[PDB]
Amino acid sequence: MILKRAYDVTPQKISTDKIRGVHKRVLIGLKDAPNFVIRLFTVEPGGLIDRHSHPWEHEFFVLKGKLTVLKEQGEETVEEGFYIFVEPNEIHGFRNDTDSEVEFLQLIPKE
């Protein structure tokens, strides 16, 4: 087996036209042996992953804080301990409406 500390993985700060205030850690990447992509996202206060979609299904698990989830036709705020399933091509995004860092896992089954 492999056993590693998620927070030791190098964080990639992302700042683009549709993502701000976000760091990404690739725990299990596209090119690794396991059949699951696993990323840990840290969202700064006011950070935003704008609405978008991908033809693959995503799962998410909220590790710390309150995470606002953007949807095609609205939004909903959840907190640590929630899990989220996003179907293929389904619009989704994220926002941190709090004064604290919010953390969540992104899980992608490899096809």
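Note that residue numbering begins at 1 and tracks the sequence as displayed.
Two stretches are in play, 24-32 and 62-70, and the higher mean C-alpha B-factor belongs to 24-32. With 79-87 and 51-59 compared on mean CA B-factor from the PDB entry, the stretch scoring higher is 51-59. Sort the modelled residues of the chain by CA B factor and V102 lands in the lowest third. Ranked within its chain, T10 lands in the middle third, by CA B factor from the PDB record.
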